[PDB]
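> Take this sequence and fold it.
(one chain, ligands or ions: 2)
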Amino acid sequence: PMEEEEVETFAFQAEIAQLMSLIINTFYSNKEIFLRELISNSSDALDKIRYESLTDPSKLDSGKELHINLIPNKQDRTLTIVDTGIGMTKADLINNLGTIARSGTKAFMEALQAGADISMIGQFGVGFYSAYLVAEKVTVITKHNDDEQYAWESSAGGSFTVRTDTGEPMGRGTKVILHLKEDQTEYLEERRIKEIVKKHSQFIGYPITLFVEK
Ligand SMILES: Nc1ncnc2c1ncn2[C@@H]1O[C@H](COP(=O)(O)OP(N)(=O)O)[C@@H](O)[C@H]1O
Ligand SMILES: [Mg+2]
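Numbers count the residues shown, from 1 in each chain. Ligands and ions are numbered 1, 2, ... in the order given. I have put the structure below:
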């Protein structure tokens, strides 16, 4: 029986779209910090579970472990960052991942224009968009306790879509799927992934596991 998925399309806020264009079309040293930004986002999302739970018991009754899995797929040329954090409602995806201005965007674009390290992106409140250093398309599957499962997707170019995501239930949390650019396949290598997690992500307070395809 055929599923129906409602799809809505949204313009990125003016400066976020400009930032994405800058990120996409400019060479940066130190691209590898994208992974640090996504793991940090997962970590924040798991912190929120813990604070809902240390503070609102029904959350306590989940049996899911709080964790981050990294899943490179060399066949599909994707890298997926999965967490069991609080997830995002539909409103959350639309508001938080592209329609609302961030006060740091302009200053961050000026800093990059003046040759700052892309690694500074975490301090300007726009760290998610580092995904576009290495990915030509990003899909975010998400499931929050208060909503249905949603998929957000953008190949940049000024808009993104949010749609209900039916079947493949993922349970609470978020999966960010990076469809890597043809020249960024080094981020599918177990040794590369381990290197960058050790160098940039060693104070995450949750277990992170890397799934290596035999
Ligand atoms: N893995 C994730 N789980 C839940 N929400 C996530 C997420 N990754 C990103 N987000 C949402 O996207 C927002 C933007 O993230 P980012 O560009 O890194 O800025 P920041 N300082 O809030 O971490 C986050 O504040 C959060 O609301
Ligand atoms: Mg962040």
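> which helices and strands does the top helix by length along the chain pack with?
In the chain, assigned by DSSP state H, the helix with the most residues is helix 33-53. Counting by 3 or more C-beta pairs under 8 Å, 6 or more residues apart in numbering; DSSP states H and E, the packing neighbours recorded for helix 33-53 are strand 68-73, strand 78-83, strand 173-180, helix 190-200. In short, each C-beta sits where N, CA and C put it, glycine included.
> how about the residues of this structure near ligand 1?
For the chain, the residues in contact with ligand 1 (C-beta under 6 Å from any ligand atom) are 37, 41-42, 44-45, 83, 85, 88, 96-97, 125-128, 174.
> how about the helices in this protein?
14-25, 33-53, 90-94, 105-113, 190-200.
> what's around the residue of the chain found nearest ligand 2, how many residues?
Closest residue of the chain to ligand 2, C-beta to the ion: residue 127 (3.8 Å). Each residue near residue 127 was counted by other C-beta atoms under 10 Å, and the total is 20.
> Please identify the nearest residue in space to it, excluding sequence neighbours.
Leaving aside its chain neighbours, residue 127 sits nearest to residue 37 (3.8 Å; criterion: C-beta to C-beta, 6 or more residues apart in numbering).
> now do residue 179
Nearest residue to residue 179 in three dimensions, chain neighbours excluded: residue 137, at 4.2 Å (C-beta to C-beta, 6+ apart).
> before we move on, the earlier item: list the residues that contact the residue of the chain closest to ligand 2.
Applying C-beta atoms under 8 Å, 6 or more residues apart in numbering to residue 127 gives the contacts 37, 40, 41, 121.
> now do residue 129
16, 19, 20, 23, 121.
> Now render these as CSV, adding neighbour count.
Formatted as CSV, the contacts of residue 129 follow (neighbours: other C-beta atoms under 10 Å):
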residue, neighbour count
16, 22
19, 24
20, 21
23, 23
121, 26
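> and of these, the nearest to ligand 1?
Nearest to ligand 1 among these: residue 121, at 8.3 Å, using C-beta to the nearest ligand atom.
> Any of the residues of the chain next to ligand 1 buried? List them.
Among those, the ones that count as buried by 16 or more other C-beta atoms under 10 Å are 37, 41, 42, 45, 83, 85, 88, 97, 126, 127, 128, 174.
> ok, the nearest residue to the third one once chain neighbours are set aside to residue 170 distance?
Leaving aside its sequence neighbours, residue 42 sits nearest to residue 83 (C-beta to C-beta, 6+ apart; 3.6 Å). In this structure, residue 83 lies at 10 Å from residue 170, with C-beta to C-beta, to the nearest Å as the measure.
> Equivalent analysis for residue 20, please.
Using C-beta to C-beta, residue 20 is found at 25 Å from residue 170.
> Check residue 53 too.
Remark: distance between residue 53 and residue 170 (C-beta to C-beta) = 20 Å.
> residues from this protein in reach of ligand 2?
41, 127 (C-beta under 5 Å from the ion).
> Pick the one among the contacts of residue 127 closest to residue 203.
If you rank those by distance to residue 203 using C-beta to C-beta, residue 40 comes first, at 9.9 Å.
> check contacts around the closest one.
When contacts are counted by C-beta under 8 Å, 6+ apart, residue 40 touches 122, 127, 201, 204.
> I am finished for the moment; much appreciated.
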